[PDB]
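**Student:**
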Amino acid sequence: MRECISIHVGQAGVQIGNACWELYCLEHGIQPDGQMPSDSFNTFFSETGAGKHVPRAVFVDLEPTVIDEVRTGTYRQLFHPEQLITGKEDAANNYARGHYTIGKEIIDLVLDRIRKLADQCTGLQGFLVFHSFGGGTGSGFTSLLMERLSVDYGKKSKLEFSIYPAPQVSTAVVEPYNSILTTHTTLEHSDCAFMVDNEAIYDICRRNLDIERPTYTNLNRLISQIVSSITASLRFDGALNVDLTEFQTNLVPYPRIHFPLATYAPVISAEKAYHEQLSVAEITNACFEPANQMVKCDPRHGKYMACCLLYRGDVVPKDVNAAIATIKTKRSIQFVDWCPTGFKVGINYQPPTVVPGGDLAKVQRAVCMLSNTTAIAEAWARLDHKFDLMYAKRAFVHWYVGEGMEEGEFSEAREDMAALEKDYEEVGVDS
Amino acid sequence: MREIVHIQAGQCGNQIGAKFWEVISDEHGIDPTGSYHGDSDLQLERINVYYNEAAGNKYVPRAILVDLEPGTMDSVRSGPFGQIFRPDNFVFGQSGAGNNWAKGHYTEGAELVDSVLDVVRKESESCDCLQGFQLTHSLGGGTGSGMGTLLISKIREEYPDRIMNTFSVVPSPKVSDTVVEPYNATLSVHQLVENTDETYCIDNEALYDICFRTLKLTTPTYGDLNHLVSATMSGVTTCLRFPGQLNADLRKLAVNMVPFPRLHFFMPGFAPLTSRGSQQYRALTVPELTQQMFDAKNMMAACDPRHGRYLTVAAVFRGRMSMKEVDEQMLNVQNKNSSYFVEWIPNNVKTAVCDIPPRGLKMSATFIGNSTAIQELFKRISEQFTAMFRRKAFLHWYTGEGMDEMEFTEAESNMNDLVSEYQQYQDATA
Amino acid sequence: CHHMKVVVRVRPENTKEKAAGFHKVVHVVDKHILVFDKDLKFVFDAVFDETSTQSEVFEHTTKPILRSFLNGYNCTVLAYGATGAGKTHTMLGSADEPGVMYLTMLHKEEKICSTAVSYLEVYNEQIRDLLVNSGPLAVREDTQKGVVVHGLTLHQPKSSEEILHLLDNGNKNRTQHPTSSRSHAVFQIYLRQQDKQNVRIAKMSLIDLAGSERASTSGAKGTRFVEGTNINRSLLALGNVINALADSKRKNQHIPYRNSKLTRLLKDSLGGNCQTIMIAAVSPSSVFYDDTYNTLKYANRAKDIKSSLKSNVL
Ligand SMILES: CC(=O)O[C@H]1C(=O)[C@@]2(C)[C@H]([C@H](OC(=O)c3ccccc3)[C@]3(O)C[C@H](OC(=O)[C@H](O)[C@@H](NC(=O)c4ccccc4)c4ccccc4)C(C)=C1C3(C)C)[C@]1(OC(C)=O)CO[C@@H]1C[C@@H]2O
Ligand SMILES: Nc1nc2c(ncn2[C@@H]2O[C@H](COP(=O)(O)OP(=O)(O)OP(=O)(O)O)[C@@H](O)[C@H]2O)c(=O)[nH]1
Ligand SMILES: Nc1nc2c(ncn2[C@@H]2O[C@H](COP(=O)(O)OP(=O)(O)O)[C@@H](O)[C@H]2O)c(=O)[nH]1
Ligand SMILES: Nc1ncnc2c1ncn2[C@@H]1O[C@H](COP(=O)(O)OP(=O)(O)O)[C@@H](O)[C@H]1O
Ligand SMILES: [Mg+2]
Ligand SMILES: [Mg+2]
C-alpha cells in the first residue's frame, strides 16, 4: 500500500522521534521489542522474518550521546541497528560545520540508508523530517539532506516538523544565524513545514494541564499527539481521509509560503475532564483561541489563508459542518480576500490513545488544526532584526568563515529573507 | 570518542591537577590503585574521555606531569592517588626557573620541551578522536608560566584545529606572592592572547573570600582552593561524560561564548556553596542556584561584574530539573539586569543540562561569564609593569637569558590593546 | 588628499565559458560609470575592460600616485578579486613594472634619490621573507615606531634591472599553488632623498592579496583547506578594519588591527596618512554570479570615503 519514511536529525529530532515511536507502538499493540502478541500499520512498520515489526525510520546525529541512549534504552530491540546513524563530533551550534565540514562524511551513508529503506517500499508518498532551527547539525544537515533528496527523488512530498525559535526564550547565542541560513537554503526544497514554539508549549502545559515543571518529555508527548493526529488518516480508516499530498495542495498557495501552524484540542488534565462535556463545537472553537496557539504569535495580527481540520473519535459530520459555519460567521477572525473556500476537513474513527504516565486525559474526540496565516510575518521581522543587530558588528562571523563559508552567504540569506518578508506583506493586501 | 589530554606545569599546576584527579576518580568510582569499584554503568560508559584502559581492569589517567624541579612531583607521587599515574609521564628537570619567565621559556623549558612533546604525542596518537587539551598552571611563577606558554605555542603549532583550555591563576590584586609577578604575567598574557582557545581566570584572593564568607571556613588551606577549582573543571567538562536533556561540549561553549578571537578570558563560579550549619536552613531549587550563580561575591576572579557588561554567559546545570524553570530563570535574569548585558547581542545566556548530578548533591550548576569587567585585571597588571619597567628594576635577570627589551615593549603594547578592545566593546553605537 | 581611489578591471570573458550558454552580468559604460546586470547602479572612479591592455591601466592606477612619492606616504595599492578574477595576473605580470623598471627614471637636480626595497608573504598567519630563505619572523610593535618585522632583509638596488632581478626571484619562492589558495605577497619600497634637508621617510607598499574560497562548494579538504580559511579569516579582519576606518563621523574608536598579521602590516598604511588607491577584478560571466558582486563590489563603495592626510611631507 502507501507508506511513509520518517527521518529524525539532531538531538531535538531524535528525542521527538523517540516519543513519537513509543506512541506509535502503543497505538497498534506492538511490544517494545517489536513483537506483536496478537494490518493497517504497515504504512510505518515492516514485517521481517517471523512476526517482527521494524519502524521505517532513520535516526541521524553528529554526536553519540542521544543515539547511544536510544541504543541502550528499552526500545533497543525495536530499531534496526543500521538505521541509527552516529558521528563523532557535533556541529557545535555552527551551521557551517554541519553543512560543509562534518555533514559531508555521513551524508552519503544517510542517503544510502534512505535509498535502501525506500526501495523496500512500494507506494512511498512522502518523507517526514524532524529537526530544529537553532541547532548546528539540525539546520545544516537538514539543509544538505533536503537538497540531496530534492535532487534524488523530486516528486515525493517532503514535510517538516521543526522547532521554531521563540521570541524571548532561547538556549543559544548564535540562533538567528543558523535560522536565517537554514531558511534561505531550505526554502526551495521543502514542500511544507509545520512549526511549533517551545515557549508556547510551556505556556500550554502551565495553563491548560496545570504543570509547573514541564520538562522536554511533556513537550515531546504533545508533539507526538499532533503527529499521530496527522498520520491517523494513513494508519486507520475514517469517514474522510487525508493523504500527504492534500496537505501541500491545500495549505500552500504560493511556492514560498509553506509555513503552517499546528495546534491541538483539547489539551486538558484529568481533574477538569470529569466536569467538561467536550464536544465537536467546543474543541473546534478552542482551536482558534490565541492563547491555545502552539506558536508564540497572535493570529489576530494577520489574515488566515487556508486551514486544515483533522477530527478523530466520536465525531459526526453534521456537527463539524455546523461548528465550521459558526467559526466562519464570527467577525473576530479574518480570512484573505482571495480564498472564499478555505477549509479542509478530515474525519477519522480511532480516538486518541493515552500513554501511561502521561499528563493528558482520555477523550473521545480531538482536533488537530494546521493553518496558513500571515501572522508569521512578525516572527520573520523579529528574526531578521536579531540577525541585523548581531551582524552589523560581525560577531561570531569568524567561527562560520573558518569552517568554509564565505562572507557573501550571510548577505544572500538576508536579502532572501527580505524578499520573503515582502512576499508575505504583498500576499495579504485585499483587492 | 571525544577525549581530553591533561597537562599541568609547575607547583600550583601540579597541586591543582592532583586534587582534580582525586575528584574525578571519586566521581567515576576508581580506587587509588586504579581499579573500578563503582555502582553504575554510566560511570564506565564514557570513561575514555579522561582514562586509558590498562591490563587487568585498571584505568590510567591521560595526564602529563611537567616541572623544572623534582620536589613537587616527588610529593605528588608519594601522596594519595600518586600510584594512579603512569610513571613515564613524570617529566622533570633538575635546575628550575627560579621565578624567572626567561629561564622557563628560553633556558630550561627550551630543553624540557622535546621530552614533554614526545610524551604528549604518545598520548595524543593513542586517542580515537582527540577533542582538545587542557593546561593547569599560573602566571606568577617561572616554570609554570614560561613552560606553560611554551607548551601551548608548540601544541598550537602541532594541533591547530583542536581546542586548548587553560585554568590559570592570575596574580592577586591586593597582596603579591612574588616581587616579579608583573613581568611574568605580562609576558604570559602576551602568549595566551594568541595561542589559547579559551582561558579561565581565577584569583586566590577571591577563593579566600569565598572560603571565609560563604563556606564559613575558619582556617582555609590551599586544599580547599584546589577543591573549588577541581569542582569548576568537572562542571565544565561534565557534558562529555554523562547524558543530558540538553548538552554542550567544549567547542559549543567556545562558539557561543567567544564573539571575537581576542576575547576569551572568562570568570568561573560554582553553586551551591553553603556552610555545614546553614544547609538545613535552605532549599535547593533552580531559582536558588540561579540567584547564587549571578552573585558578585561568588565569582572566582577578583573582578566585579557590576562595573561592566556581560558579553555572553554559559550555565551548565546538573541533576534532574525542568527546562521551563531554567529558561524562565534565564529570561528573568536577562530582563531584570538589562543594563548589565550588551545591546547588540540578544539572548546573551547559553544553557546546558546534564542528567547525572554530582555525588552527594541532587542539584548543581557551573557559571562561565565573558564580561568586559575583566579589563581591570589587565589594566592593573599593565600599570604595575610600566611602573617597574621605566626604572628597569629586576630586568637584568631577564636580559641575561637573551631576552631583549623589544619583547617587553611588544607584550606591554599587546596587553594595552586588549584592554582598549575590552573597554571599547561596552559601546552599542546604535 | 583623501579620496581612496577604487578602480574596477572587468576581465575579458573566459575562452572555455564564452560560448557555453552564459550571458554577461557586468556591463561597462565608460571610465566613470558601471552597471550591474538587479540593474544596480555603481560608480567606482576609473573602470577598465578587456579593451585596455596591461599597460593601459597605468593612467588611473599608479601614475597619479607615483608622480613623486615623496610629498606623501603614498601608495598602498591593494588587489582584491577572489579566485580566477586576475588580481595576481594584473599585479605580477605587467602592472608592477610601471612602478619600477618603468618609473625608476624620474629626473636629480633638487635631490639625490636612492631606494631600499623588501619583499614578504603572509602564509598561515605567519610572515616569511621571499628573497632569502628564512623561517617565520616575529612582528614587534612599539609606541615610537610602527610594526617592524624582526629579521626581514633590506636591499638597496643602485640601478633599474636589479629590481627586475629581485622581483623575478620573489615569485618563484612564493607558495604557488601547492593559481589557488596562496599567501598575501607584500612589496615594500623605501625612498631616500638625501639633498645635495631631511625629508626622507616615504614608503611605497604594493600588496597582491589572495582569494576567498568556499571550500566544500568549490575546493578540497585536508591541505588546501587548512591552508585555506586562513585567507578567509584574514580577509574578514581586513574588511572589518576597512569598515571601521570609514564609519560615519565616529571613526576613531578602536580599530581591530591585531586580529591578523596582514592588518598589522597595514597599520600605518591603511589608516589616513597616505594617498592610496584600490584595484579590484571581477568576472562578467554568470557562472560565478554571486561572488562577483559582494564585498568584492559592495565594500569598495565604503572604501571610496577613506579620508586621509598628506600634509606630512617627510
Ligand atoms: C553533610 C554532607 O554530606 O556534606 C556534603 C556536601 O555536599 C556539602 C556540605 C559540600 C562539602 O564541601 C565542603 O565542606 C567544602 C569545604 C572546603 C572546600 C570545598 C567544599 C563536602 O566536602 C562535599 C561533598 O560533596 C561531594 O562529595 C561532591 O561530589 C564533590 N566531591 C568532593 O567534595 C570530593 C572530595 C574529595 C574526594 C572526592 C570528591 C564534587 C563537587 C563538584 C564536582 C564534583 C564533585 C559532600 C557529600 C559533603 C562534604 C564532605 C561536607 C559543599 O561543597 C560542595 C563542593 O558541594 C560545601 O558547600 C557544599 C554544600 C554541600 O551540602
Ligand atoms: N520541543 C523540543 N525542543 C528541543 C528538544 N531538544 C532540543 N530542543 C531545541 O533545540 C534547541 C537546541 O539546539 P539543538 O536542536 O539541540 O541542536 P542539535 O541538534 O543538538 O545540534 P548541535 O547544535 O550540533 O548540538 C533548543 O533551543 C531547544 O528548543 C526537545 O526534546 N523538544
Ligand atoms: N615555585 C613556584 N611558584 C609558583 C609557580 N607558579 C606560581 N607560583 C606562586 O605560587 C602562588 C600560589 O600558587 P599555589 O598556592 O601553588 O596555587 P594554589 O594552591 O592552586 O592556589 C602564586 O602567587 C605564584 O606566585 C611555579 O611554577 N613555581
Ligand atoms: N586581461 C586579461 N586577459 C586575459 N586573461 C586574464 C586577464 N586577466 C586575468 N586573466 C587570467 O585570469 C587568471 C587569474 O589567475 P591569477 O591572476 O594568476 O590568480 P588569481 O586567480 O588568484 O587572481 C590568469 O590565469 C589569467 O590568465
Ligand atoms: Mg547535539
Ligand atoms: Mg595569484
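Chains as they are written, first to last, in the deposited numbering: chain L, 1 to 38, 47 to 439; chain K, 1 to 430; chain A, 9 to 45, 70 to 139, 148 to 218, 224 to 241, 247 to 364. Quick reminder that beta carbons are idealized off the backbone N, C-alpha and C, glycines included.
Are there any heavy atoms of ligand 4 lying less than 6 Å away from the beta-carbon of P20/A, as far as the coordinates show?
**Tutor:** yes
**Student:** Looking at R62/K: is its Cβ nearer than 7 Å to the Cβ of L240/K?
**Tutor:** no
**Student:** Are the Cβ atoms of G416/L and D340/A separated by less than 7 Å?
**Tutor:** yes
**Student:** Cβ of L102/A less than 7 Å from any chain L Cβ?
**Tutor:** no
**Student:** Can you give the Cα-Cα distance for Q83/K and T33/K, rounded to whole angstroms?
**Tutor:** 6 Å
**Student:** Assuming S168/K and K19/K make a contact with CB atoms under 8 Å, what is their CB distance in whole Å?
**Tutor:** Not a contact, Cβ separation roughly 16 Å.
**Student:** So if I threshold CB-CB distances at 9 Å, which residues from the segment 252 to 271 of chain K count as touching chain L?
**Tutor:** Of all residues in the segment 252 to 271 of chain K, those with a C-beta nearer than 9 Å to a C-beta of chain L are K252, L253, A254, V255, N256, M257, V258, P259, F260 and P261, reading in chain order.
**Student:** Any beta-carbon of chain K closer than 7 Å to the one on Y224/L?
**Tutor:** yes
**Student:** Closer than 8 Å is the cut-off here; do at least three beta carbon pairs connect the segment 24 to 36 of chain L with the segment 148 to 164 of chain L?
**Tutor:** In this structure the segment 24 to 36 of chain L does not lie against the segment 148 to 164 of chain L, because fewer than three pairs of beta carbons, one per stretch, are closer than 8 Å.
**Student:** Can you list the residues of chain K that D182/A reaches, using a CB-CB cut of under 8 Å?
**Tutor:** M406, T409, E410 and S413
**Student:** What residue does the alpha helix (DSSP H) around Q301/L start on, and which one ends it?
**Tutor:** No alpha helix (DSSP H) holds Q301/L; DSSP gives it neither H nor E.
**Student:** Using a strict less-than 5 Å threshold between each residue's beta carbon and the heavy atoms of ligand 2, what residues do you get?
**Tutor:** Every residue passing the under-5 Å Cβ criterion appears here: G10/L, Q11/L, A12/L, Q15/L, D98/L, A99/L, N101/L, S140/L, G142/L, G143/L, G144/L, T145/L, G146/L, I171/L, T179/L, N206/L, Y224/L and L227/L.
**Student:** Do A283/K and ligand 1 come close, with the Cβ less than 6 Å from some heavy atom?
**Tutor:** no
**Student:** Comparing the CB of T271/L with every heavy atom of ligand 6, is any distance shorter than 6 Å?
**Tutor:** Because no heavy atom of ligand 6 lies under 6 Å away, the Cβ of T271/L does not count as near it: no.
**Student:** Please name the residues in the segment 255 to 272 of chain A whose beta-carbon is closer than 7 Å to at least one beta-carbon of chain L, in chain order.
**Tutor:** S262, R264, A265 and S266
**Student:** For the alpha helix (DSSP H) that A331/L lies in, which residues bound it at each end?
**Tutor:** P325 to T337
**Student:** Relative to ligand 8, is the shortest distance from any of its heavy atoms to the C-beta of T224/A smaller than 6 Å?
**Tutor:** For ligand 8, the structure offers nothing, since it holds only ligand 1, ligand 2, ligand 3, ligand 4, ligand 5 and ligand 6.
**Student:** Given that a residue counts as buried once 16 or more other Cβ atoms are within 10 Å of its Cβ, and exposed if not, what is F212/K?
**Tutor:** exposed
**Student:** Is the segment 101 to 108 of chain L touching the segment 142 to 153 of chain L, taking contact as three or more C-beta pairs under 8 Å?
**Tutor:** Yes, the segment 101 to 108 of chain L touches the segment 142 to 153 of chain L.
**Student:** If contacts are defined as beta-carbon pairs under 8 Å, then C316/L and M377/L qualify, I think. What distance do you get, rounded to the angstrom?
**Tutor:** 7 Å
**Student:** Would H10/A be called buried (16 or more neighbouring beta carbons within 10 Å of its own) or exposed?
**Tutor:** exposed
**Student:** According to the Cβ coordinates, are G310/L and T381/L closer than 7 Å?
**Tutor:** yes
**Student:** I'd like to know whether the C-beta atoms of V288/L and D327/L end up nearer to each other than 7 Å.
**Tutor:** yes
**Student:** Say whether chain K places a C-beta atom closer than 7 Å to the C-beta of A100/L.
**Tutor:** yes
**Student:** In whole angstroms, give me the CA-to-CA distance for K370/L and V275/L.
**Tutor:** Distance between the alpha carbons of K370/L and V275/L: 10 Å.
**Student:** Got a sec, what are the start and stop residues for the beta strand (DSSP E) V353/K sits in?
**Tutor:** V349 to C354
**Student:** Counting pairs of beta carbons, one from the segment 111 to 128 of chain A and one from the segment 255 to 266 of chain A, are three or more of them closer than 8 Å?
**Tutor:** Enough Cβ pairs lie closer than 8 Å, so yes.
**Student:** Under the rule that 16 or more other beta-carbon atoms within 10 Å means buried, what is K394/L, buried or exposed?
**Tutor:** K394/L is buried by the Cβ-count criterion.
**Student:** Does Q166/A come out as helix, strand or coil in the three-state DSSP assignment?
**Tutor:** strand
**Student:** How close, in whole Å, do the beta carbons of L44/K and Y36/K come, if the pair is a contact with beta carbons under 8 Å?
**Tutor:** At roughly 7 Å, the Cβ-Cβ gap stays under 8 Å, so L44/K and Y36/K are in contact.
**Student:** Below 8 Å CB to CB, which residues in the same chain sit around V172/A once its five sequence neighbours on both sides are set aside?
**Tutor:** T193
**Student:** Pull out every residue of the segment 274 to 285 of chain A whose Cβ sits closer than 9 Å to any Cβ of chain L, in chain order.
**Tutor:** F275, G278, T279, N280, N282, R283 and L285
**Student:** Could you spell out the range, first to last residue, of the beta strand (DSSP E) harbouring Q131/K?
**Tutor:** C129 to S138
**Student:** Looking only at its chain, what residues have a beta carbon closer than 8 Å to the beta carbon of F44/A, apart from the 5 residues adjacent to it on each side?
**Tutor:** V33, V34, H35, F74, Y343 and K347
**Student:** Closer than 7 Å, CB to CB, is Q303/A near chain K or not?
**Tutor:** At a cut-off of 7 Å between beta carbons, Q303/A contacts chain K.
**Student:** Between which two residues does the alpha helix (DSSP H) harbouring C12/K extend?
**Tutor:** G10 to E27
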